[PDB]
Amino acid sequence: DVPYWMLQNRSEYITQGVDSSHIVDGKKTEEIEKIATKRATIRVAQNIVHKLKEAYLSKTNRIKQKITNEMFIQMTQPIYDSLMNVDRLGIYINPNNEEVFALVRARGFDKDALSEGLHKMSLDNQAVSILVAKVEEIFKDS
């Protein structure tokens, strides 16, 4: 039963994530929705990194530095860390699986925290200026 948001929907909205954790012996369901909410927030950041990968690859890209896929995966933490105002928009438990999904939605992000995290992982000033500027496009595009 329900909810619409749990349907494969496949058009982006990059700042929204769904992801799940599973019921587990040690644990209250409140702990398991937390795990799921947290993985869903991480999914938003993964969505953002994927978009940045597309930008860097683009014929248009201005970033001069070499950024490897492993470096991009590395950007996931600081993007996450930079997320502001992420609301849990809904929880769904699959009764067959005991699998708990979460819909999360990031309202914005802290550019200066992101700039700082990116500099700590050995990006150029040029690269962070561009990366942070792409994330800003991402958030205004909602």
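Here the rigid core means the biggest group of C-alpha atoms that line up within 1.5 Å when the two forms are laid on top of each other. The numbering used is simple: start at 1 and walk along the sequence shown.
May I ask which stretch, 116-124 or 6-14, sits farther from the shown form in 4 other deposited structures of this protein once every structure is superposed on the core, judging by RMS CA distance? Larger mean C-alpha displacement, comparing 116-124 and 6-14 in 4 other deposited structures of this protein, is found in 6-14.
I'd like to know which segment deviates more from the shown structure in 4 other deposited structures of this protein: 70-78 or 93-101, using C-alpha RMS over all structures and residues after a core fit. Greater root mean square C-alpha distance in 4 other deposited structures of this protein: 93-101.
Comparing 19-27 with 126-134, the one whose average Cα B-factor in the PDB entry is higher: If you average the C-alpha B-factors of 126-134 and of 19-27, the larger mean comes out for 19-27.
Mind pulling up the entry and telling me whether 72-80 or 30-38 has the higher mean Cα temperature factor? Comparing 72-80 with 30-38, the higher average CA B-factor belongs to 30-38.
Name the one of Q46, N94, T60, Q65 with the greatest CA B-factor according to the PDB entry. Answer for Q46, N94, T60, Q65: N94, with the highest C-alpha B-factor.
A102: which third of its chain by C-alpha temperature factor? It belongs to the middle third of the chain when residues are ordered by C-alpha B-factor.
Classify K53 as lowest, middle or highest third according to the C-alpha B-factor given in the PDB entry, relative to its own chain. Answer is lowest: the recorded C-alpha B-factor places it there.
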